[PDB]
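Participant: Before we start, here is the structure in question, set down as structure tokens.
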Amino acid sequence: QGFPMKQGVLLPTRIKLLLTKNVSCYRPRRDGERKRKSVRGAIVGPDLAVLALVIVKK
RNA sequence: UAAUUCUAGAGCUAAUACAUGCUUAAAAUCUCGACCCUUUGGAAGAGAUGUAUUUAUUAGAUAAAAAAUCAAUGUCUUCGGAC
């Protein structure tokens with residue numbers, strides 16, 4: 001669908017959260033505002049469409 | 001990702017952003033008290049004191065005169081201690 005992954009939620013799905021200032025996946029327009037957005041969980045599965053890979057040793 | 005002032009991973013470098021942290025007069029006054037050897041003693045040395053926070057306890061005088069008194073003392077000693 002488009003949604004990104006967030007480390008800390010122990011589900012293989014997506015859910016609605018109330019994001020805050022210094023946390024990733026959100027960027028506030030005014031000061032002191034918080035929005036409810038929807039983010040995808042931290043467990044991989046057949047639904048994904050990309051994946052991040054860092055070569056820690058070749 | 002069909003999509004909205006949606007955003008993920010990897011790589012750089014700044015501040016009146018964020019996090020730390022030194023400098024300086026002399027004086028006085030307190031407490032502790034090495035010693036001292038003595039009467040009625042005096043003393044080295046030590047530490048404490050900005051402002052702000054919280055609690056407790058004191059100063060923050062005043063309507064009109066003079067003695068007797070208990071001692072202590074500033075002082076001329078008048079070694080009385082009156083002042």
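Residues are referred to by chain and number: the chain letter is A, B, ... according to the order shown in the structure tokens, the number counts from 1 in that chain, and ligands are numbered separately from 1 in the order shown.
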Could you list, as a list in words, the residues of chain B having an atom within 8 Å of chain A when counting only C-alpha atoms (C1' of nucleotides)?
Facilitator: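 So the contacting residues turn out to be residues 1, 7, 8 and 9 of chain B.
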Participant: Neighbours of residue 33 in chain A within 10 Å (only C-alpha atoms (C1' of nucleotides); same-chain residues fewer than 3 positions away dropped), as a PDB file with N, CA and C atoms, in the first residue's frame?
Facilitator:
ATOM      1  N   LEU A  19       1.468   9.971  16.554  1.00  0.00           N
ATOM      2  CA  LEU A  19       2.887  10.240  16.488  1.00  0.00           C
ATOM      3  C   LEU A  19       3.224  11.594  17.099  1.00  0.00           C
ATOM      4  N   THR A  20       4.498  11.773  17.441  1.00  0.00           N
ATOM      5  CA  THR A  20       4.948  12.899  18.246  1.00  0.00           C
ATOM      6  C   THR A  20       6.161  13.524  17.563  1.00  0.00           C
ATOM      7  N   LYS A  21       6.907  14.396  18.240  1.00  0.00           N
ATOM      8  CA  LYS A  21       7.806  15.317  17.562  1.00  0.00           C
ATOM      9  C   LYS A  21       9.087  14.643  17.096  1.00  0.00           C
ATOM     10  N   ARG A  27       6.345  14.165  10.224  1.00  0.00           N
ATOM     11  CA  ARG A  27       7.045  15.432  10.304  1.00  0.00           C
ATOM     12  C   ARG A  27       6.043  16.540  10.539  1.00  0.00           C
ATOM     13  N   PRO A  28       6.109  17.237  11.664  1.00  0.00           N
ATOM     14  CA  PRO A  28       5.034  18.150  12.029  1.00  0.00           C
ATOM     15  C   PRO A  28       5.119  19.483  11.311  1.00  0.00           C
ATOM     16  N   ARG A  29       3.953  20.037  11.028  1.00  0.00           N
ATOM     17  CA  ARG A  29       3.855  21.309  10.343  1.00  0.00           C
ATOM     18  C   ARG A  29       3.849  22.498  11.305  1.00  0.00           C
ATOM     19  N   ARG A  30       3.103  22.466  12.394  1.00  0.00           N
ATOM     20  CA  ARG A  30       3.198  23.508  13.398  1.00  0.00           C
ATOM     21  C   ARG A  30       4.046  23.019  14.544  1.00  0.00           C
TER      22      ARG A  30
END
Participant: Any idea what the distance is between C1' of residue 79 in chain B and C1' of residue 39 in chain B?
Facilitator: 17.4 Å
Participant: Give me the residues near residue 43 in chain A as a ChimeraX atom specification, where near means some atom within 9 Å (using only C-alpha atoms (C1' of nucleotides)) and where sequence neighbours in that chain fewer than 3 positions away do not count.
Facilitator: /A:5,7,9-13,40
Participant: With C-alpha atoms kept, could you save the residues just selected as a compact mmCIF listing (two decimals), in the first residue's frame?
Facilitator:
# COMPACT_ATOMS: atom_id res chain seq x y z
CA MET A 5 7.86 -0.12 8.99
CA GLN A 7 10.67 -0.84 15.00
CA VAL A 9 5.43 -2.91 17.23
CA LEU A 10 5.22 -6.67 17.48
CA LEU A 11 2.73 -7.47 14.76
CA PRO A 12 2.82 -8.49 11.13
CA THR A 13 0.21 -5.88 10.15
CA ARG A 40 3.11 -0.97 9.34
Participant: Pick out the closest residue to residue 29 in chain B from this set: B:17, B:48, B:59, B:43. Count only C-alpha atoms (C1' of nucleotides).
Facilitator: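 Counting only C-alpha atoms (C1' of nucleotides), the residue closest to residue 29 in chain B is B:48.
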Participant: For a test of reading the model, state the distance in Å between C1' of residue 32 in chain B and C1' of residue 53 in chain B, rounded to one decimal.
Facilitator: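 Distance between the two atoms: 29.2 Å.
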Participant: With DSSP run on the backbone, what are the strand (DSSP E or B) residues within range 14-43 of chain A? I'd like them as a PyMOL selection string.
Facilitator: chain A and resi 14-18+36-40
Participant: Tell me, as a ChimeraX atom specification, which residues lie within 8 Å of residue 16 in chain A, counting only C-alpha atoms (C1' of nucleotides); anything in the same chain fewer than 6 positions away does not count.
Facilitator: /A:36-39
Participant: Next, the residues of the selection above should be written as a PDB file, in the first residue's frame with N, CA and C atoms.
Facilitator:
ATOM      1  N   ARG A  36      -2.570  11.528  14.142  1.00  0.00           N
ATOM      2  CA  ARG A  36      -2.805  10.099  14.123  1.00  0.00           C
ATOM      3  C   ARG A  36      -2.605   9.597  12.703  1.00  0.00           C
ATOM      4  N   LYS A  37      -1.540   8.848  12.477  1.00  0.00           N
ATOM      5  CA  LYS A  37      -1.243   8.235  11.202  1.00  0.00           C
ATOM      6  C   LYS A  37      -1.254   6.736  11.372  1.00  0.00           C
ATOM      7  N   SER A  38      -1.071   6.016  10.272  1.00  0.00           N
ATOM      8  CA  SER A  38      -1.101   4.561  10.281  1.00  0.00           C
ATOM      9  C   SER A  38       0.217   4.018   9.763  1.00  0.00           C
ATOM     10  N   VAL A  39       0.858   3.148  10.545  1.00  0.00           N
ATOM     11  CA  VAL A  39       2.172   2.608  10.220  1.00  0.00           C
ATOM     12  C   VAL A  39       2.126   1.086  10.224  1.00  0.00           C
TER      13      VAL A  39
END
Participant: So what do you get for CA of residue 47 in chain A versus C1' of residue 2 in chain B, distance-wise?
Facilitator: 18.1 Å
